[PDB]
Amino acid sequence: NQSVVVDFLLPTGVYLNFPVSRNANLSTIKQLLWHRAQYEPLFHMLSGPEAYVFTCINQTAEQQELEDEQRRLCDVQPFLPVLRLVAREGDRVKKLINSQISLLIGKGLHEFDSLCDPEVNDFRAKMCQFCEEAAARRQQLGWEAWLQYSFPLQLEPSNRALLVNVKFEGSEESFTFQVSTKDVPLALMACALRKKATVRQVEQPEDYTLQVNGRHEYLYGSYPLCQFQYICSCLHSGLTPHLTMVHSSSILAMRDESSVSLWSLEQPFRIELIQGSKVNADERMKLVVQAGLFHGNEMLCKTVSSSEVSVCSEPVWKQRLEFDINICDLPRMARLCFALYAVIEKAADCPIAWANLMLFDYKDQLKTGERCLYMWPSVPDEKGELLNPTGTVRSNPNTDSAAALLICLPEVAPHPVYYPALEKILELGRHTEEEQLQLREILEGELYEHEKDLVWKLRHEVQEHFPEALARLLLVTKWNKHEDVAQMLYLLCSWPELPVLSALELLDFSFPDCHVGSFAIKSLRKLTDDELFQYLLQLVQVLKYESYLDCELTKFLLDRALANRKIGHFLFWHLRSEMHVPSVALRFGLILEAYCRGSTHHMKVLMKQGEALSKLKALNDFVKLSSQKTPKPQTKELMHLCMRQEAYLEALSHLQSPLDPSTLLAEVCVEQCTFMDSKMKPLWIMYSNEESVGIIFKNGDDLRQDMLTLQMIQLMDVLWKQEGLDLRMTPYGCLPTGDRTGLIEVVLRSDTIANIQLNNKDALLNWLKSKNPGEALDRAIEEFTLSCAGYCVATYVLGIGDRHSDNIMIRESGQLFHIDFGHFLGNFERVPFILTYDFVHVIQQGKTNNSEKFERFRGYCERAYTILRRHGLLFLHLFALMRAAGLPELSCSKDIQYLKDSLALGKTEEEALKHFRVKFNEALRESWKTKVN
Amino acid sequence: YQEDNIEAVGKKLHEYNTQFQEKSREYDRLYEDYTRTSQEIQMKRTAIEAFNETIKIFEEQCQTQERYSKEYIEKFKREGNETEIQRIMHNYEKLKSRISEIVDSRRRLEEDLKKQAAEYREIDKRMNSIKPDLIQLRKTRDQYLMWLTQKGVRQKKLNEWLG
Ligand SMILES: Cc1ncc(-c2ccn3ncc(-c4ccc5c(c4)[C@](C)(Cc4ccccc4)C(=O)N5)c3n2)cn1
C-alpha cells in the first residue's frame with residue numbers, strides 16, 4: 001500500500017506515530033507533523049518547523065541529517081521509518097557530504113572508523129586533505145581552466161567548405177553560415193558575433209565558448225574544426241553542425257551551482273604458529289599449515305611446514321616455525337604467506353584456505369607481536385601451487401564467520417626496528433668484450449639461471465647500454481640478500497626515464513618493490529589524458545597487487561581524476577562497480593571517499609546516476625519475475641506502469657549518462673522502453689533530448705569481459721586512425737556499474753544480420769540499397785568493407801569465436817559491427833581467421849568476381865594486422881596487467897600466449913605477413929565450403 | 001631403472017573428464033552459495049548495526065524526556081494541571097513500548113544471522129570435502145591425456161573423448 005507508519009521523536013522528548021505517504025517529501029511530512037504535534041504535550045516550547053532538520057538511520061547504518069526536504073521518503077530509504085528532529089546548526093556542509101559519500105560509495109564511512117586501524121586513519125586524513133586542496137585550488141581558477149577540467153576536448157586521434165548553424169544562449173534566433181574545415185573555433189565565434197552585431201552594435205570573441213546543442217561538449221582551444229569529434233562526425237555523415245555560443249559568466253554560473261639497524265640483526269627469521277579458529281574440514285583428516293616468505297612471486301627461502309594436528313574447529317599448534325633467511329636480509333616488501341591444508345594421515349591434499357601478511361608495516365616498522373589473520377578460502381585452479389603469494393595482504397572482512405590463524409612475530413630487539421631509509425640504502429649501495437657480446441644476445445623469454453648471474457655482474461652495463469632492460473635486471477636481482485637489494489636500488493635511483501610502454505610492464509605483480517612502482521609512475525606522468533584513459537581500466541586493476549593503502553599509484557590516479565572530470569567519472573565507476581568484492585571494498589571505498597571530497601560537482605551527477613541505476617535494478621527484477629508468468633506484451637505494459645510512477649520517472653529522467661557524462665539522458669520515452677529476450681531480460685531504455693539515445697541495463701552477467709574487449713577494439717581503432725586508416729568501427733559504450741550490473745550503449749539505426757536475412761539471396765545487399773538508395777550505395781558498401789576488415793582482424797587477434805547472424809549487426813550507413821563479446825582468447829583452440837561468403841558478396845558489390853574491390857579489402861585486413869603487430873607489446877602488457885581482474889578467460893600465461901601467437905610476435909614482419917596471407921586465403925577457400933553445407 | 005590399449009584408455013579419459021566436469025559444476029554451485037551467503041551475512045550485520053543506532057536514538061529520546069519534562073511536571077503540579085502531567089507520562093510510556101518492538105525486531109535478526117552463520121560454515125565444509133575429489137579428478141584426467149599424447153594419438157581423437 002501507499003501509506004507508512006512513521007515514528008516522530010520531538011526535541012522535547014515527545015513521541016508521535018502516524019501514517020504518511022511513501023511518496024510524500026520531507027517538507028510535506030514536516031507540515032503533517034506540525035499539524036499533529038500541536039495536539040500533543042509541550043508543543044509551545046518548540047521553535048518553528050524551519051529551525052529543525054529531520055535525522056534518520058539510513059541503509060548503511062549511519063545517522064543522516066536530511067537537509068534536502070524535497071526528497072521523497074521512499075527515496076531517503078530510512079532503515080526503519082523513524083524521523084528525529086534536531087537543531088540545524090553545526091558544520092552542515094561536512095555533515096551533508098559525509099552522508100552523501102556513504103550512500104554513493106555503497107559503504108558507510110563508519111565502517112572505516114570501526115576497524116580501529118591507523119593505516120586506514122592516516123590514509124583518509126592525508127588523501128582527503130590533498131583532494132580538498134585541489135578542489136579549493138580548482139575553484140579559484142578562471143572559467144577557461146574550469147571548462148578544461150569539467151569538459152575536456154573530445155578530439156579525433158588525428159580543406160573543404162562547411163556550413164555551421166550557430167545560435168546564442170536564450171534566443172531561438174539562429175545563424176547559418178559557411179566556415180572552412182581548418183578554421184580554429186575562435187574564428188567561428190568571431191564570425192557569429194559579427195552577424196549578431198550586424199542586426200544592436202559590442203562584445204569580444206574571447207569571452208565566448210561554443211557548445212554542441214543538447215550536449216556538454218565544447219569546442220575551444222588552438223585545434224582546427226575537423227579535429228573535433230562532433231564536427232568530424234558531422235562532416236562524414238553530411239549533417240550540418242548545430243552549435244550554441246555561451247558566455248563566460250554562464251560558465252562561471254555552472255562552476256558556482258631508533259638506535260638499532262635492521263642490518264645488525266643477523267638472527268634467522270621465525271614465527272610462532274599458535275592456533276587456528278573456525279575451521280570447517282573433514283574430521284577424519286589432519287590439519288597442516290604451509291608457510292613461506294615471498295617477494296612478489298619469488299620465494300625468498302624454502303617453505304617450512306607445521307606438524308600434523310587432528311581436524312577440529314579450533315586447532316592448536318604452538319610451534320616455532322623457523323625459516324632459512326636472516327632478519328637482516330628481509331626486503332621491504334617481504335611477504336609472509338600461509339596456506340591451511342587438510343591432509344590424509346600418513347600410514348589429493350585439500351587446500352582449505354590461505355592468508356598473506358606483510359612483514360613490515362606501512363610506516364616501515366618490522367612487525368612484532370600477535371596477529372589474527374582471517375583467511376580466504378582456496379579455490380582449486382589448474383596451477384595448484386602450495387601457497388598464494390599474489391593474493392591480497394588484506395584480511396578477510398567477514399571476521400564473524402571466516403577461518404582464522406593466530407600467529408606471533410617475536411621480539412627482535414628492545415626498541416623498534418625500521419627498514420633502512422633511502423640514504424642508508426644508497427650508502428651501502430655504491431660500488432670485457434666477450435661478456436659484452438654475451439649480454440647483447442641475452443637481451444635480444446624469461447632468463448635461465450646461468451644467464452641471471454651474467455646480467456647481475458654486468459648490471460652497470462645494463463643501466464648504461466640497455467636501459468629498456470630494467471625489468472629483466474630486477475628479476476635477476478637476489479631479493480633475499482640486502483647487499484644485492486641495496487646495489488640494485490642504487491642503480492634504480494639514477495636509472496634513466498623509460499617510455500610509457502616499459503613503465504606499464506613494471507606495474508605488474510613481479511615488481512612489488514616500492515621504488516620500482518614509484519619509478520614506473522614517474523614514467524607514466526608523461527601520459528596525456530586521452531592516452532591515460534585508454535589504460536585506466538588496467539591501472540585500476542593493479543591496485544589489487546598493492547600492499548599498503550597509501551601508494552604512488554593511488555596518488556597518481558586521484559591526481560589525474562581531480563585534474564580531469566571525465567577521468568574521475570570512469571575512475572569512480574571502475575572502483576564503484578567492485579565495492580561488492582570483499583578483497584577490494586576497503587581499498588576502493590577509501591579511494592572513492594577521497595575522490596568524492598575533491599569532486600563535489602560530479603558527486604551530484606554521480607548521485608543522480610546511482611539512483612537511476614537503483615530504480616533500473618528494481619524495474620528489471622520486476623520484469624524477470626513477470627516474464628516467467630505472463631506473455632511479453634502484458635509484461636511490457638506492466639513495465640511502463642511501474643516506470644510512470646513519480647519517484648521512478650523522476651529518478652530515471654534528466655541525468656548525465658554513465659556511459660558518457662557529456663551525453664544527457666533527458667526525457668524517458670516510456671512507450672519506446674522494453675526488454676530483450678535473452679536469459680537476464682536486459683532492459684532497453686529510450687531517451688529523447690535535442691539534436692534520441694538509448695541504454696541497455698543488464699543485471700545478472702559480469703560485463704567486465706565485454707568492457708575489456710570493447711576497449712581493446714577502441715584502442716585498435718585509435719592505433720589504426722593514428723596511421724591514417726579509419727576502418728569505421730563501432731566501439732559502443734559498455735560500463736560495469738555494480739554487482740553483475742552494467743550499462744551498454746544502444747546503437748540506433750542498426751539491425752542484426754539474422755533479422756535482415758530472415759526479412760544465395762541478396763537480402764543483405766538489398767537492405768543496404770533500401771537504406772542507401774542511388775548515389776549513397778557506393779559509400780555504404782565502402783563503409784561495410786572497411787568495417788568488415790576491422791572486425792575480421794579484431795575478432796581474429798582477440799580470439800573471439802561464436803560469431804553468428806544473431807551477434808553481428810549492420811548500421812544503415814553500411815558499417816558492420818559485432819556485439820556480445822562473452823568469450824575471447826580461443827574460448828567457447830585457435831580461432832581461425834574467418835571470412836563470411838555473404839560479406840564477400842557485399843564487398844564485391846553483388847558480383848561473382850570483383851578482384852579490384854576484393855584486393856582492396858584484403859589490403860585493409862593486411863594493413864590493419866600489420867599496425868597491431870607494431871603495437872603488440874602494448875597489448876601484451878595491458879593484458880598482463882588485466883590478469884589482476886580475475887576474469888576466468890584471462891588468468892594465466894597461456895591466455896597471454898594466445899595474443900603473442902595471433903599477432904605472430906616471435907616472427908619477423910615479412911614472416912608474419914606471409915602467414916597471415918596464407919590464413920586469409922585459406923579463410924576464403926573455407927568461406928565457399930561453409931555456405932554450401 | 002627409469003599399461004592398456006588406446007581405445008580402453010580413451011574411454012577412461014572420457015569417463016574421468018565427464019566426472020571432472022560434473023564435480024566442477026557442483027563446486028561452482030557451492031561457490032555461488034558461498035558468495036551469496038557471505039554477501040547476505042554482511043547485509044544482516046550492517047542491519048544489526050542499523051538497529052543498534054535506531055535503539056540508541058530512542059534511548060537518547062528517553063534521556064531527553066526525563067531531563068526535560070521534570071520542570072514542566074513540577075510546574076503543572078503547582079498549577080493543579082495533573083491531567084497535563086498524565087499526558088506527558090502516557091506519551092513517554094508509548095515511546096518505551098515502541099523501543100520494545102524494535103529490540104524484538106533486532107533479536108529476530110540476530111537469530112537469523114546465527115542460522116545463516118551456521119549455513120556459511122556448512123557450505124564451506126562441503127566445499128572442503130569436494131576439493132580432494134575435484135583436484136584428484138583433474139590430475140587423473142591430465143595423466144590419461146599425457147599418456148595418449150605420448151602414444152601419438154591424434155588431436156581429433158582426443159577431442160572426441162574430451163566432451
Ligand atoms: C551482451 C550484449 N552486448 C551488446 C548488446 C547490444 C549493444 C548495442 N546494441 N545496439 C542495438 C542492439 C540490438 C541487439 C539485438 C536486437 C536489436 C538491437 C533489435 C534490432 C531491436 C530490439 C531491441 C530490443 C528488443 C527487441 C528488439 C532486435 O530485434 N534485436 C544492441 N545490442 C546486447 N547484448
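- For this coordinate set, the PDB header names X-ray crystallography as the determination method and states a resolution of 2.2100 Å.

- Under the annotation held in the PDB entry, chain B carries the name Phosphatidylinositol 3-kinase regulatory subunit alpha and is attributed to Homo sapiens.
- Its PDB title, taken directly from the record, is "Human PI3Kdelta in complex with Compound 2-10 ((3S)-3-benzyl-3-methyl-5-[5-(2-methylpyrimidin-5-yl)pyrazolo[1,5-a]pyrimidin-3-yl]-1,3-dihydro-2H-indol-2-one)".

- Taking the PDB entry as the reference, chain A is identified by name as Phosphatidylinositol 4,5-bisphosphate 3-kinase catalytic subunit delta isoform belonging to Homo sapiens.
- The annotation that UniProt attaches to chain A under Sequence similarities is "Belongs to the PI3/PI4-kinase family."

### Re the overall build of chain A
Part 1 of the argument: Per the secondary structure count, chain A includes 33 helices and 32 strands.
Part 2 of the argument: At 31 Å, chain A has a C-alpha radius of gyration in line with the 30 Å of a compact globule built from 933 residues.
Part 3 of the argument: By principal-axis analysis of the C-alpha atoms, chain A measures approximately 95 × 90 × 65 Å.
Part 4 of the argument: Burial statistics for chain A: of 933 residues in total, 54% are counted as buried.
Part 5 of the argument: In the form shown here, chain A has an accessible surface area of approximately 43400 Å², with 48% of it arising from carbon and sulfur atoms.
Part 6 of the argument: The centroid of the 100 positive side-chain charges in chain A is displaced by 3 Å from the centroid of its 121 negative side-chain charges.

### Points about the sheet that holds strand 2 (residues 15–21) of chain A
Part 1 of the argument: Reading across the sheet, the five strands line up as 2-1-5-3-4 (chain A) and stay open at both edges, with mixed pairing between neighbours. The open sheet has two free edges, formed respectively by strand 2 and strand 4 (63–65) of chain A, since each of these has just one partner strand. Sheet twist, expressed as the mean angle between neighbouring strand axes with direction ignored, is 35°.
Part 2 of the argument: For strand 3 (residues 52–57) of chain A and strand 5 (residues 82–87) of chain A, the ladder comprises four bridges, and the chain directions are antiparallel. Bridge pairing links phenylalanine 54 of chain A to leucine 85 of chain A in strand 5 of chain A.
Part 3 of the argument: Here helix 2 (residues 82–150) of chain B sits on the sheet and contacts strand 1 (3–9) and strand 2 of chain A; the angle it forms with strand 2 of chain A, its principal contact strand, is near 65°.

### Re the site of the ligand
Residue and element names in this part refer to chain A.
Part 1 of the argument: Taken together, 15 residues lie around the ligand, and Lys698, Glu745, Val747, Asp751 and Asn755 are the ones closest in.
Part 2 of the argument: Between the ligand and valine 747, the relevant distance is 3.1 Å, taken from a nitrogen atom to a main-chain nitrogen or oxygen of the residue.
Part 3 of the argument: Here an oxygen atom of the ligand sits 3.0 Å away from a polar atom, N or O, in the side chain of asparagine 755.
Part 4 of the argument: Relative to its free-state accessible area of 660 Å², the ligand is covered by the protein chains to the extent of 79%.

### Here's the deal with the packing of helix 1 (residues 6–78) of chain B against helix 2 of chain B
A packed helix pair is summarised by two numbers, namely the angle formed by the two axes and the spacing between the axes.
Residues and elements named next belong to chain B.
Part 1 of the argument: Two elements in contact, helix 1 and helix 2, have axes whose closest approach is 5 Å; the angle formed by their N-to-C orientations is 165°. The orientation of helix 1 with respect to helix 2, classified from their angle, is roughly antiparallel. Helix 2 is crossed by helix 1, and the crossing has left-handed handedness.
Part 2 of the argument: Taken together, the residues of the contact of helix 1 with helix 2 sort by class into 39 nonpolar, 14 polar and 19 charged.

### Brief notes about the interface of chain B and chain A
Part 1 of the argument: Across the boundary between the two partners, chain B contributes 45 residues, which contact 48 residues of chain A.
Part 2 of the argument: Note on chain B versus chain A: buried area summed over both sides is about 4400 Å², and carbon and sulfur give 56% of it.
Part 3 of the argument: When the buried area of chain B at its contact with chain A is split by residue, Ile57, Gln61 and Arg121 of chain B rank highest and sum to 14% of it.
Part 4 of the argument: The tally of links from chain B across to chain A stands at two salt bridges.
Part 5 of the argument: Across the pair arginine 98 of chain B and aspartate 7 of chain A runs a salt bridge whose closest N-O atoms are separated by 2.7 Å.
Part 6 of the argument: In this assembly, chain B and chain A are joined by 19 residue pairs in polar contact.
Part 7 of the argument: If you list the elements that add at least two residues to the side of chain B that touches chain A, you get helix 1 and helix 2 of chain B.
Part 8 of the argument: Among the residues forming the side of chain B that touches chain A, the class breakdown is 20 nonpolar, 11 polar and 14 charged.

### Describing the sheet that holds strand 10 (residues 242–247) of chain A
Residue and element names in this part refer to chain A.
Part 1 of the argument: The sheet built from five strands is open, its strands ordered 7-6-10-8-9 with mixed pairing. Edge positions in the sheet fall to strand 7 (174–180) and strand 9 (218–219), since each has one partner strand and no second.
Part 2 of the argument: Where strand 6 (residues 161–168) lies against strand 10, four bridges are found, and the strand directions are parallel. What sits directly across from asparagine 165, in strand 10, is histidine 242.
Part 3 of the argument: Contacts from helix 9 (residues 248–255) reach strand 8 (208–212), strand 9 and strand 10 within the one sheet, and its direction differs from that of strand 10 by about 80°.

### A short note on the packing of helix 18 (residues 529–541) of chain A against helix 20 (residues 565–576) of chain A
All names here are of chain A.
Part 1 of the argument: Contact pair helix 18 / helix 20: the axes reach a minimum separation of 10 Å and the direction vectors enclose 10°. Our classification of the angle between helix 18 and helix 20 gives roughly parallel. Contact with helix 18, carried on its side by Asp529, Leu532, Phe533, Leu536, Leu537 and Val540, involves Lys566, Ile567, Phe570, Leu571, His574 and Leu575 of helix 20 and no other residues of that element.

### What to know about the packing of aromatic side chains
All names here are of chain A.
Part 1 of the argument: Evaluation of the coordinates by the stated rule reveals 33 aromatic pairs over all chains.
Part 2 of the argument: With a centroid separation of 5.3 Å and an interplanar angle of 65°, the aromatic rings of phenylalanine 509 and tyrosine 545 are classed as edge-to-face. Separated by 36 residues along the polypeptide, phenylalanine 509 in the loop between helix 16 (500–506) and helix 17 (514–524) and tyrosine 545 in the loop between helix 18 and helix 19 (552–563) bring together distant segments of the chain. As far as burial versus exposure is concerned, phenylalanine 509 and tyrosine 545 are alike and both buried.
Part 3 of the argument: Both rings, one in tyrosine 796 and one in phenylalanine 916, keep their centres 6.3 Å apart while their planes meet at 55°; by these two values the pair is tilted.
Part 4 of the argument: Through a chain of ring-to-ring contacts, three or more aromatic side chains come together here, namely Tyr796, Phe833, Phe854, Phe857, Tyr865, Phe916 and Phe920.
Part 5 of the argument: The ring of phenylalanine 130 carries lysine 555 above its face, with NZ or CZ at 4.2 Å from the centroid.

The rules behind these values
- Residues numbered from 1 in each chain as written, not as in the entry; some residues may be left out.
- Chains lettered and ligands numbered in written order.
- Heavy atoms only, no water.
- UniProt positions renumbered as here; feature names shortened; annotations may be inferred.
- Helix = DSSP H or I, 4+ residues; strand = E, 2+ residues; numbered from the N terminus.
- Rg over C-alpha atoms; globule rule 2.2 N^0.38 Å.
- Buried < 20%, exposed > 50% of the residue type's maximum accessible area, 1.4 Å probe, protein only.
- Areas by Shrake-Rupley, 256 points an atom, 1.4 Å probe, with all protein chains shown as cover.
- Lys, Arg positive; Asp, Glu negative; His and termini not counted.
- Charge placed at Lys NZ, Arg CZ, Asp CG, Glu CD.
- Pairing = 2+ DSSP bridges.
- Axes fitted to C-alpha atoms, helices over the stretch in contact; angles between N-to-C directions.
- Contact = heavy atoms within 4.5 Å.
- Near = heavy atom within 4 Å.
- Polar contact = N/O pair within 3.5 Å; in protein donor to acceptor, adjacent residues only side chain to side chain.
- Parallel < 35°, antiparallel > 145°, perpendicular 65-115°, else oblique.
- Left-handed = near helix turned anticlockwise from the far one by under 90°.
- Nonpolar A, V, L, I, M, F, W, Y, C, P; charged D, E, K, R; others polar.
- Buried area = accessible area lost by both parts, 1.4 Å probe.
- Salt bridge = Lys/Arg side-chain N within 4 Å of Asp/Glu carboxyl O.
- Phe/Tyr/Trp six-rings, centres within 6.5 Å; stacked < 30°, edge-to-face > 60°.
- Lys NZ or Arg CZ within 6 Å of the ring centre and 35° of its normal.

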